[PDB]
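Chemist: Here you go, one structure.
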Amino acid sequence: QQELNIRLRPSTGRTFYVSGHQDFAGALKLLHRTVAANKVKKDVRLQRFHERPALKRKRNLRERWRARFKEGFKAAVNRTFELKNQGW
Amino acid sequence: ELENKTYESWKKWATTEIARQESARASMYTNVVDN
Amino acid sequence: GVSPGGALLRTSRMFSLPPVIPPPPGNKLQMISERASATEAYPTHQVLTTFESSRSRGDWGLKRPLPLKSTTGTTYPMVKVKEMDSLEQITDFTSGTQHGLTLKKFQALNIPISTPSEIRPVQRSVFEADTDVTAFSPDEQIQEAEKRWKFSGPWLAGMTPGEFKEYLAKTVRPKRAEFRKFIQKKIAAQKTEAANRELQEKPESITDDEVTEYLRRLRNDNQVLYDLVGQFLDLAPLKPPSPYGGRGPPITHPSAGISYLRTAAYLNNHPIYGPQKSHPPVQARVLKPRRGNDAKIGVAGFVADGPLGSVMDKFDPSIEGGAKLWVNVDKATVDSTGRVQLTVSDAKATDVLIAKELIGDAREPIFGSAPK
Amino acid sequence: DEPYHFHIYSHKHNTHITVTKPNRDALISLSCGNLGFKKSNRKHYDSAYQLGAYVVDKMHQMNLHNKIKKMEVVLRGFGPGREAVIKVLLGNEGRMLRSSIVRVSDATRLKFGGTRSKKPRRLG
Amino acid sequence: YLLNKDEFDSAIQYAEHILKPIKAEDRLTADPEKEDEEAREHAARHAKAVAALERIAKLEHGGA
Amino acid sequence: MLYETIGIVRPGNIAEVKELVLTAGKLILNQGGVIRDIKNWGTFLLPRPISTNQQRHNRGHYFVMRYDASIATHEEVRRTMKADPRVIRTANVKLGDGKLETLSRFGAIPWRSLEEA
Amino acid sequence: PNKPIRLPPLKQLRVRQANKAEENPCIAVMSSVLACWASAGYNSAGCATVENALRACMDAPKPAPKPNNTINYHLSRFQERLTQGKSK
Amino acid sequence: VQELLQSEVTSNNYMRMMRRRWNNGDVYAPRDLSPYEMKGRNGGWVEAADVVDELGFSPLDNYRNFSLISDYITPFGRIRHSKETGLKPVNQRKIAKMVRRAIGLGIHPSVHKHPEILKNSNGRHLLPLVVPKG
Amino acid sequence: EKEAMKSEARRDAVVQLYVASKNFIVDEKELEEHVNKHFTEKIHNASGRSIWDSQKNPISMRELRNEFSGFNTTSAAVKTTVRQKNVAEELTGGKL
RNA sequence: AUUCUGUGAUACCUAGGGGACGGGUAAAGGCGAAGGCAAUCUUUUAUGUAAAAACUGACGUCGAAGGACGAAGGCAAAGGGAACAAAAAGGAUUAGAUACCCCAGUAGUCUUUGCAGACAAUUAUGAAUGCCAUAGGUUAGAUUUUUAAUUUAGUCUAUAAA
Ligand SMILES: [K+]
Ligand SMILES: [K+]
Ligand SMILES: [K+]
Ligand SMILES: [K+]
Ligand SMILES: [K+]
Ligand SMILES: [Mg+2]
Ligand SMILES: [Mg+2]
Ligand SMILES: [Mg+2]
Ligand SMILES: [Mg+2]
Ligand SMILES: [Mg+2]
Ligand SMILES: [Mg+2]
Ligand SMILES: [Mg+2]
Ligand SMILES: [Mg+2]
Ligand SMILES: [Mg+2]
Ligand SMILES: [Mg+2]
Ligand SMILES: [Mg+2]
Ligand SMILES: [Mg+2]
Ligand SMILES: [Mg+2]
Ligand SMILES: [Mg+2]
Ligand SMILES: [Mg+2]
Ligand SMILES: [Mg+2]
């Protein structure tokens with residue numbers, strides 16, 4: 001501000017304020033969803049030890065396929081009920 | 001008439017679904033001490 | 001030229017199915033939901049029907065017979081086919097009653113579709129021979145270009161900044177040579193109008209440098225040039241310097257093929273009460289009450305704004321089947337986005353009683369037990 | 001005017017709670033070992049809960065539930081104390097302080113690249 | 001930019017022509033002090049364009 | 001080529017920011033360049049407090065300058081700016097795809113609109 | 001964003017747990033009782049109500065299980081038609 | 001009169017369950033009022049098309065726009081995945097490189113949104129301040 | 001003819017760069033006159049000392065989408081004329 | 001446990017200095033002869049891909065040798081030194097423990113200039129040419145009634161003939 005300056009630090013972005021329609025218990029839930037969507041906990045676990053480039057590339061390939069397989073599996077499960085509903 | 005019969009089904013769902021949020025919302029706080 | 005087998009398939013019924021038309025256009029930059037989808041503004045697939053003796057067998061003229069559980073039992077046999085045979089070796093179909101019965105419920109209102117008006121209410125049919133025309137001659141001037149409804153060029157105000165650049169690069173840029181010829185044909189009319197007006201007291205029509213100068217003269221008056229450019233690219237009028245150039249021309253026929261009546265100027269002759277003052281009322285359902293401060297009502301399956309005037313102000317869970325209101329459909333029109341918009345108005349009191357009397361819902365019948 | 005701060009640093013083996021002034025000067029800097037918890041008893045969820053209740057109690061003695069009108073809760077780390085101490089402030093102990101909370105921040109430290117970490121352990 | 005002195009000069013002469021202020025369509029009400037000034041504003045505005053464009057199209061200001 | 005330099009100078013003295021714009025401007029014109037636009041953004045917050053020349057700055061006086069110049073001229077603007085102790089930070093960029101059609105649509109520096117491309 | 005992949009040929013297309021294995025509805029009540037003892041004490045009076053709720057758990061009968069979900073039967077019908085095949 | 005206030009609470013409660021915005025011209029059937037349709041099974045507010053093509057702008061040429069950078073980063077300063085932006089791989093790379101340029105040049109923060117954008121967003125008087133401490 | 005089209009396209013780019021040359025600065029005289037006008041202490045409605053004050057924010061995505069989703073209502077008029085002119089210039093070849 | 005801390009640590013801050021590293025984006029994605037290549041600005045460099053025309057007119061493929069390039073570790077010299085870490089050493093565990101684990105820690109990793117030439121340097125598959133039926137994805141374009149199809153060059157999945 002004109003008198004006091006804003007504290008611009010990584011925590012400034014991870015801040016959630018209490019207002020009329022949002023109480024302390026409500027700001028905690030919003031803080032947990034954003035901290036989860038941004039995968040802050042996963043980074044703390046991956047930055048604890050060093051993973052050389054080859055191991056990181058191969059770990060991503062295993063996790064990226066399980067994500068496609070799981071996403072393609074949910075589409076087949078729900079496509080099965082679209083056909084069952086039609087009576088096939 | 002078909003809309004009436006279908007609107008009622010929604011009313012029952014909304015009435016039964018809103019009770020879930022208000023109950024789970026009020027119970028969010030750990031006020032079980034009953035001070 | 002074609003084998004007898006190919007000649008039969010051409011005139012076949014399954015070959016006459018219309019292609020799937022694009023869905024009703026929506027906000028291009030706005031977000032939507034891709035998993036779930038509700039009823040569309042207007043239908044995109046053809047609704048199919050069978051004989052009652054064939055429906056019991058599941059035969060719908062398709063590749064395979066349809067399941068009986070999801071196609072039998074109802075009153076109106078209607079089906080929409082998305083793929084006659086999908087990668088699952090099944091006919092991806094769905095019920096077609098959401099639009100098949102919305103058409104019958106709308107036509108039950110017995111109201112035409114009028115041209116959009118501006119705000120002296122003058123409801124003019126959209127099937128008039130002077131306005132409803134699509135074939136035009138190259139001699140077609142500008143004053144009569146406002147009556148049309150089907151233009152070849154796009155509406156510049158409706159395009160996005162991206163679609164407009166693609167248009168300037170692939171449609172108007174390679175038409176410069178053709179436009180210069182279009183001017184020469186005008187010069188043929190400019191040199192003959194002054195050269196043949198005194199004979200009752202054609203020109204070469206091929207020039208190269210004269211055209212370059214004539215265009216410069218028009219730089220002082222930009223309006224006369226836009227009318228000349230739009231007439232060539234067949235652009236829909238934009239501003240008055242008239243045919244509702246606010247939201248743009250309609251992407252379909254002004255009627256959209258939902259109603260073909262040309263006027264509502266008629267009286268309903270009641271069996272006992274003689275002619276009526278207004279058309280019979282229609283009961284509507286209240287959706288999204290004011291408490292956006294605007295209300296929405298469902299009339300014959302279409303959503304419209306509530307009458308300009310409670311039940312439409314605050315939600316009431318005590319009312320069974322939701323809040324309902326008797327109204328009268330004054331005007332119906334088709335906007336530029338293909339939607340059907342109704343200008344509903346509140347219904348009178350005596351009329352709702354007359355309508356309820358026939359169906360047996362009036363409490364105090366106006367006949368017999370009405371001393372005053 | 002900046003509020004007070006209720007930093008809650010928690011990791012796998014211990015939890016630190018710091019209550020600072022608006023200028024970020026520590027008033028109550030305690031840990032699980034201040035309550036007598038020895039080498040390994042500091043990582044327990046229960047020990048982190050008692051530390052939170054102890055700090056809240058020590059604040060009342062100092063008359064901070066009346067002096068503090070605006071307070072911020074800063075979370076650092078994802079240890080057991082991250083949830084334990086929150087249930088103290090959100091429970092019956094933080095009844096007086098729960099009304100003066102205006103912000104909820106997360107100050108977990110991450111590195112965009114940074115120095116190399118330890119080599120992976122082979123436990124088996 | 002794949003230009004040459006010929007194409008460049010032809011474009012300058014073309015831009016000056018289409019942008020040349022057209023005088024009054026007649027001589028009856030032609031306002032002299034308003035036309036002669038537009039000729040100088042166009043001439044001055046033209047000289048500024050030739051100078052700026054000669055510097056942008058200069059091949060010495062290009063890269064590899 | 002078409003370049004664009006964003007300069008962030010120390011706030012407080014308007015004479016300083018005017019001397020840098022004129023110095024970097026006269027350098028572009030004398031070398032044979034063309035300045036397309038110079039916008040004067042005022043003094044607002046920096047991305048974060050940064051220390052330069054033994055001073056802790058929280059704000060800075062921004063200004064954008066778009067010019068057509070040669071590589072040697074562009075490298076001298078960056079060198080002179082960086083060497084000046086009154087600039088907190090400078091950002092330079094080569095606009096466009098290097099083609100004539102895209103380069104002809106760069107006029108005034110936008111704030112309430114985008115660069116058409 | 002891409003669309004869900006077409007699953008490769010699998011030995012069998014099925015979900016591991018067809019019916020949601022819901023949790024004992026009282027393990028949550030006990031946590032509340034254990035929460036009061038940590039804040040209000042053991043022999044206190046505030047926790048006298050939660051204890052009654054906990055005693056009410058075990059005195060009530062256990063809800064009967066739901067009928068099995070037939071999802072796996074329908075997944076096995078549309079496997080070859082929904083995926084690239086079936087492994088032998 | 002307090003009995004009238006609780007009615008407003010019950011009313012707005014149901015209004016929240018009607019997860020649909022009715023518009024003029026929208027056709028609806030008796031099925032469009034049932035729970036299965038109001039539930040809104042779609043758990044994603046997907047974007048219609050690639051806005052970079054619809055708006056027709058070059059990201060790299062608009063790196064100096066602080067609002068555009070903050071729109072394609074999370075509150076933590078992390079570039080948004082193509083799932084959220086709904087862009088093609090080519091346009092995703094141009095907007096990702098546009099964010100990295102602005103942050104790399106040092107004109108936009110990297111762990112939150114621009115300070116001048118935080119001054120306007122909700123929580124203005126509550127922004128973290130820096131006490132001089134001396 | 002194919003090389004003429006490439007030459008005509010290369011010409012229109014110079015005509016557009018010719019029109020835009022009105023606001024360029026080519027001499028020190030225009031530079032000084034430009035700086036002394038825009039670089040003053042009370043240019044941003046001084047109160048305000050930054051472009052964020054006079055002009056609220058740089059146009060965002062929400063502001064770019066509302067221009068084509070929310071409104072569609074009169075701003076389309078000024079937008080319809082600039083587009084109606086671009087079609088004439090690029091079709092006529094001039095700079096109407 | 002060795003170890004750090006009353007010479008005030010951990011925790012919470014303010015103000016300066018230093019070295020490397022590269023979060024999200026990110027994908028079955030891309031680039032190069034391979035090795036390999038992921039923050040950012042400017043400068044600089046050879047191929048490759050699409051569509052149309054124009055141009056040269058067999059100017060092509062492979063290629064012993066020579067020469068060039070070639071991961072990590074390593075040698076030599078001069079810098080750098082935060083972090084990590086062979087060696088050396090200490091504390092534990094164990095029947096014993098060089099070890100796996102832990103407190104610390106030097107070469108080395110990084111910079112510049114040379115040497116060196118060995119790799120699961122892998123697709124366990126040399127390079128290139130002609131040719132053989134489909135399907136579902138995906139990458140960069142092109143065409144179109146740009147919805148979606150058609151098509152060129154890549155890449156992957158599952159099959160037919162074989
Ligand atoms: K301590
Ligand atoms: K490799
Ligand atoms: K170490
Ligand atoms: K040892
Ligand atoms: K392919
Ligand atoms: Mg170690
Ligand atoms: Mg072991
Ligand atoms: Mg000290
Ligand atoms: Mg450094
Ligand atoms: Mg990365
Ligand atoms: Mg390649
Ligand atoms: Mg060769
Ligand atoms: Mg050899
Ligand atoms: Mg080496
Ligand atoms: Mg070395
Ligand atoms: Mg050495
Ligand atoms: Mg190296
Ligand atoms: Mg060598
Ligand atoms: Mg290797
Ligand atoms: Mg070989
Ligand atoms: Mg690849």
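Chain lettering (A, B, ...) mirrors the order of the structure tokens, residue numbering begins at 1 for each chain separately, and ligand numbering begins at 1 in order of display.
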Report as a VMD selection string the set of chain A residues whose atoms approach chain J to within 10 Å, with distances computed over only C-alpha atoms (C1' of nucleotides).
Modeler: chain A and resid 38 43 50 60 to 61 64 to 65 68
Chemist: Which chains and residue numbers are within 9 Å of ligand 9, counting only C-alpha atoms (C1' of nucleotides) and all ligand atoms, if I want them as a VMD selection string?
Modeler: chain J and resid 18 to 21
Chemist: Let's have the selection written as a PDB file, in the first residue's frame, with N, CA and C atoms (P, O5', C5', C4', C3', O3' and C1' of nucleotides).
Modeler:
ATOM      1  P     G J  18      27.454 -11.630  -4.972  1.00  0.00           P
ATOM      2  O5'   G J  18      27.728 -13.181  -4.742  1.00  0.00           O
ATOM      3  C5'   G J  18      29.023 -13.644  -4.397  1.00  0.00           C
ATOM      4  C4'   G J  18      29.008 -15.100  -4.006  1.00  0.00           C
ATOM      5  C3'   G J  18      28.434 -16.061  -5.033  1.00  0.00           C
ATOM      6  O3'   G J  18      29.359 -16.395  -6.053  1.00  0.00           O
ATOM      7  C1'   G J  18      27.518 -16.540  -2.912  1.00  0.00           C
ATOM      8  P     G J  19      28.887 -16.505  -7.585  1.00  0.00           P
ATOM      9  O5'   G J  19      28.554 -18.050  -7.775  1.00  0.00           O
ATOM     10  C5'   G J  19      29.556 -19.039  -7.600  1.00  0.00           C
ATOM     11  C4'   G J  19      28.961 -20.358  -7.180  1.00  0.00           C
ATOM     12  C3'   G J  19      27.938 -20.964  -8.129  1.00  0.00           C
ATOM     13  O3'   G J  19      28.525 -21.645  -9.226  1.00  0.00           O
ATOM     14  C1'   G J  19      27.089 -21.024  -5.933  1.00  0.00           C
ATOM     15  P     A J  20      28.094 -21.285 -10.733  1.00  0.00           P
ATOM     16  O5'   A J  20      26.865 -22.251 -11.037  1.00  0.00           O
ATOM     17  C5'   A J  20      27.069 -23.628 -11.314  1.00  0.00           C
ATOM     18  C4'   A J  20      26.308 -24.505 -10.352  1.00  0.00           C
ATOM     19  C3'   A J  20      24.974 -25.045 -10.841  1.00  0.00           C
ATOM     20  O3'   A J  20      25.119 -26.191 -11.663  1.00  0.00           O
ATOM     21  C1'   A J  20      24.736 -24.195  -8.644  1.00  0.00           C
ATOM     22  P     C J  21      24.257 -26.351 -13.010  1.00  0.00           P
ATOM     23  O5'   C J  21      22.784 -26.681 -12.502  1.00  0.00           O
ATOM     24  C5'   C J  21      22.503 -27.877 -11.789  1.00  0.00           C
ATOM     25  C4'   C J  21      21.199 -27.779 -11.038  1.00  0.00           C
ATOM     26  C3'   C J  21      19.960 -27.526 -11.887  1.00  0.00           C
ATOM     27  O3'   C J  21      19.420 -28.721 -12.426  1.00  0.00           O
ATOM     28  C1'   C J  21      19.995 -26.021 -10.057  1.00  0.00           C
TER      29        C J  21
END
Chemist: For chain G against chain J, which residues fall within 8 Å using only C-alpha atoms (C1' of nucleotides), given as a list in words?
Modeler: residues 5, 6, 8, 9, 84 and 85 of chain G
Chemist: If the limit is 8 Å from any atom of ligand 2, counting only C-alpha atoms (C1' of nucleotides) and all ligand atoms, which residues qualify? Return them as a list in words.
Modeler: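 After applying the 8 Å limit, what remains is residues 35, 36 and 121 of chain J.
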Chemist: What are the residues of chain F that have an atom within 12 Å of an atom of chain C, counting only C-alpha atoms, as number ranges by chain?
Modeler: F: 101, 114-117
Chemist: Go ahead and write the selection's residues with C-alpha atoms as a PDB file, in the first residue's frame.
Modeler:
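Generated output (again.pdb):
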ATOM      1  CA  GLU F 101       2.483  -8.728 -42.986  1.00  0.00           C
ATOM      2  CA  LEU F 114      -4.532  -7.055 -27.489  1.00  0.00           C
ATOM      3  CA  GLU F 115      -2.033  -7.083 -30.339  1.00  0.00           C
ATOM      4  CA  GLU F 116      -3.879  -8.292 -33.430  1.00  0.00           C
ATOM      5  CA  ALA F 117      -2.096 -11.388 -34.732  1.00  0.00           C
TER       6      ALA F 117
END
Chemist: How would you report the residues lying within 8 Å of ligand 1, as a list in words, if you count only C-alpha atoms (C1' of nucleotides) and all ligand atoms?
Modeler: residues 16, 29, 30, 31, 32, 33 and 34 of chain D; 10 and 11 of chain J
Chemist: Grab me every residue within 9 Å of ligand 6, counting only C-alpha atoms (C1' of nucleotides) and all ligand atoms, and send it over as a ChimeraX atom specification.
Modeler: /D:118-121 /J:85,102
Chemist: Distance limit 8 Å, reference ligand 18, atoms considered: only C-alpha atoms (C1' of nucleotides) and all ligand atoms. Which residues make the cut? Give them as a PyMOL selection string.
Modeler: chain J and resi 115-117
Chemist: For a quick check of understanding, using only C-alpha atoms, which of F:17, F:1, F:6, F:27 has the smallest distance to residue 77 (chain F)?
Modeler: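 Using only C-alpha atoms, residue 77 (chain F) sits closest to F:27.
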Chemist: Write out as a PDB file with C-alpha atoms, in the first residue's frame which residues come within 12 Å of region 105-110 of chain C when counting only C-alpha atoms (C1' of nucleotides), dropping same-chain ones fewer than 3 positions away.
Modeler:
ATOM      1  CA  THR C  97     -40.581 -37.260 -28.150  1.00  0.00           C
ATOM      2  CA  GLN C  98     -38.718 -34.285 -26.656  1.00  0.00           C
ATOM      3  CA  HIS C  99     -39.027 -32.577 -30.061  1.00  0.00           C
ATOM      4  CA  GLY C 100     -41.734 -34.630 -31.763  1.00  0.00           C
ATOM      5  CA  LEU C 101     -44.281 -33.676 -29.107  1.00  0.00           C
ATOM      6  CA  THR C 102     -42.919 -30.147 -28.676  1.00  0.00           C
ATOM      7  CA  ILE C 113     -44.721 -16.683 -36.460  1.00  0.00           C
ATOM      8  CA  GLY C 257     -40.600 -24.848 -40.172  1.00  0.00           C
ATOM      9  CA  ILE C 258     -42.431 -25.085 -36.838  1.00  0.00           C
ATOM     10  CA  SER C 259     -45.610 -23.285 -37.900  1.00  0.00           C
ATOM     11  CA  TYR C 260     -47.054 -22.341 -41.289  1.00  0.00           C
ATOM     12  CA  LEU C 261     -50.051 -20.232 -40.261  1.00  0.00           C
ATOM     13  CA  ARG C 262     -50.041 -16.727 -41.726  1.00  0.00           C
ATOM     14  CA  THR C 263     -52.298 -14.894 -39.257  1.00  0.00           C
ATOM     15  CA  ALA C 264     -54.102 -15.139 -35.927  1.00  0.00           C
ATOM     16  CA  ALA C 265     -56.859 -12.677 -36.927  1.00  0.00           C
ATOM     17  CA  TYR C 266     -59.750 -15.045 -36.290  1.00  0.00           C
ATOM     18  CA  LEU C 267     -62.369 -15.646 -33.608  1.00  0.00           C
ATOM     19  CA  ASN C 268     -63.123 -18.921 -31.828  1.00  0.00           C
ATOM     20  CA  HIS C 279     -57.858 -17.090 -28.017  1.00  0.00           C
ATOM     21  CA  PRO C 280     -58.237 -19.717 -25.268  1.00  0.00           C
ATOM     22  CA  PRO C 281     -55.645 -19.471 -22.487  1.00  0.00           C
ATOM     23  CA  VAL C 282     -52.853 -21.978 -21.938  1.00  0.00           C
ATOM     24  CA  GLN C 283     -51.510 -23.044 -18.551  1.00  0.00           C
ATOM     25  CA  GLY C 298     -42.631 -22.908 -19.600  1.00  0.00           C
ATOM     26  CA  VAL C 299     -45.320 -22.625 -22.281  1.00  0.00           C
ATOM     27  CA  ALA C 300     -45.861 -25.686 -24.488  1.00  0.00           C
ATOM     28  CA  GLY C 301     -42.338 -26.897 -23.722  1.00  0.00           C
ATOM     29  CA  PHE C 302     -40.674 -23.580 -24.610  1.00  0.00           C
ATOM     30  CA  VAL C 303     -39.098 -21.225 -22.071  1.00  0.00           C
ATOM     31  CA  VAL C 327     -51.504 -17.038 -19.775  1.00  0.00           C
ATOM     32  CA  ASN C 328     -52.121 -16.121 -23.418  1.00  0.00           C
ATOM     33  CA  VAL C 329     -49.466 -16.346 -26.133  1.00  0.00           C
ATOM     34  CA  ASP C 330     -49.560 -12.956 -27.860  1.00  0.00           C
ATOM     35  CA  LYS C 331     -46.662 -13.164 -30.327  1.00  0.00           C
ATOM     36  CA  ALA C 332     -44.158 -15.806 -31.418  1.00  0.00           C
ATOM     37  CA  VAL C 340     -38.387 -19.655 -30.662  1.00  0.00           C
ATOM     38  CA  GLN C 341     -39.233 -16.758 -28.339  1.00  0.00           C
ATOM     39  CA  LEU C 342     -42.782 -16.127 -27.111  1.00  0.00           C
ATOM     40  CA  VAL C 344     -46.456 -14.314 -23.117  1.00  0.00           C
TER      41      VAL C 344
ATOM     42  CA  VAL H  27     -36.993 -26.444 -25.226  1.00  0.00           C
ATOM     43  CA  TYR H  28     -37.682 -28.701 -22.250  1.00  0.00           C
ATOM     44  CA  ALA H  29     -39.524 -31.973 -21.696  1.00  0.00           C
TER      45      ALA H  29
END
Chemist: Show me which residues sit within 10 Å of ligand 11 when counting only C-alpha atoms (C1' of nucleotides) and all ligand atoms, and put them as a PyMOL selection string.
Modeler: chain J and resi 30-32+47-49+154
Chemist: Any chance you can output those residues with N, CA, C and O atoms (P, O5', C5', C4', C3', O3' and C1' of nucleotides) as a PDB file, in the first residue's frame?
Modeler:
ATOM      1  P     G J  30       5.639 -36.619 -31.633  1.00  0.00           P
ATOM      2  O5'   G J  30       6.725 -35.459 -31.719  1.00  0.00           O
ATOM      3  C5'   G J  30       6.415 -34.219 -32.333  1.00  0.00           C
ATOM      4  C4'   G J  30       7.373 -33.129 -31.921  1.00  0.00           C
ATOM      5  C3'   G J  30       8.774 -33.200 -32.504  1.00  0.00           C
ATOM      6  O3'   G J  30       8.840 -32.706 -33.832  1.00  0.00           O
ATOM      7  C1'   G J  30       8.899 -32.733 -30.188  1.00  0.00           C
ATOM      8  P     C J  31       9.861 -33.350 -34.892  1.00  0.00           P
ATOM      9  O5'   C J  31      11.286 -32.818 -34.433  1.00  0.00           O
ATOM     10  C5'   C J  31      11.606 -31.437 -34.500  1.00  0.00           C
ATOM     11  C4'   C J  31      12.971 -31.161 -33.926  1.00  0.00           C
ATOM     12  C3'   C J  31      14.116 -31.976 -34.503  1.00  0.00           C
ATOM     13  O3'   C J  31      14.581 -31.480 -35.746  1.00  0.00           O
ATOM     14  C1'   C J  31      14.260 -31.987 -32.151  1.00  0.00           C
ATOM     15  P     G J  32      15.048 -32.497 -36.897  1.00  0.00           P
ATOM     16  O5'   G J  32      16.517 -32.926 -36.462  1.00  0.00           O
ATOM     17  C5'   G J  32      17.592 -32.003 -36.528  1.00  0.00           C
ATOM     18  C4'   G J  32      18.827 -32.540 -35.855  1.00  0.00           C
ATOM     19  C3'   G J  32      19.340 -33.882 -36.352  1.00  0.00           C
ATOM     20  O3'   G J  32      20.086 -33.792 -37.554  1.00  0.00           O
ATOM     21  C1'   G J  32      19.292 -33.890 -33.996  1.00  0.00           C
ATOM     22  P     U J  47      21.211 -26.588 -45.253  1.00  0.00           P
ATOM     23  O5'   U J  47      20.931 -28.096 -44.835  1.00  0.00           O
ATOM     24  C5'   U J  47      19.638 -28.664 -44.942  1.00  0.00           C
ATOM     25  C4'   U J  47      19.554 -29.951 -44.165  1.00  0.00           C
ATOM     26  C3'   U J  47      18.220 -30.675 -44.214  1.00  0.00           C
ATOM     27  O3'   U J  47      18.051 -31.442 -45.391  1.00  0.00           O
ATOM     28  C1'   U J  47      18.953 -30.547 -41.979  1.00  0.00           C
ATOM     29  P     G J  48      16.703 -31.308 -46.251  1.00  0.00           P
ATOM     30  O5'   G J  48      15.576 -31.871 -45.281  1.00  0.00           O
ATOM     31  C5'   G J  48      15.704 -33.152 -44.684  1.00  0.00           C
ATOM     32  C4'   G J  48      14.698 -33.347 -43.580  1.00  0.00           C
ATOM     33  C3'   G J  48      13.249 -33.087 -43.953  1.00  0.00           C
ATOM     34  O3'   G J  48      12.646 -34.177 -44.627  1.00  0.00           O
ATOM     35  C1'   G J  48      13.739 -31.978 -41.934  1.00  0.00           C
ATOM     36  P     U J  49      11.626 -33.913 -45.839  1.00  0.00           P
ATOM     37  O5'   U J  49      10.296 -33.423 -45.117  1.00  0.00           O
ATOM     38  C5'   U J  49       9.688 -34.214 -44.109  1.00  0.00           C
ATOM     39  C4'   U J  49       8.440 -33.565 -43.571  1.00  0.00           C
ATOM     40  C3'   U J  49       7.503 -32.962 -44.602  1.00  0.00           C
ATOM     41  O3'   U J  49       6.695 -33.921 -45.256  1.00  0.00           O
ATOM     42  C1'   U J  49       7.812 -31.427 -42.846  1.00  0.00           C
ATOM     43  P     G J 154       7.564 -40.490 -43.630  1.00  0.00           P
ATOM     44  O5'   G J 154       7.437 -39.879 -42.165  1.00  0.00           O
ATOM     45  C5'   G J 154       7.313 -40.715 -41.027  1.00  0.00           C
ATOM     46  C4'   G J 154       7.306 -39.908 -39.755  1.00  0.00           C
ATOM     47  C3'   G J 154       7.127 -40.696 -38.469  1.00  0.00           C
ATOM     48  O3'   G J 154       8.328 -41.296 -38.020  1.00  0.00           O
ATOM     49  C1'   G J 154       5.680 -38.832 -38.451  1.00  0.00           C
TER      50        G J 154
END
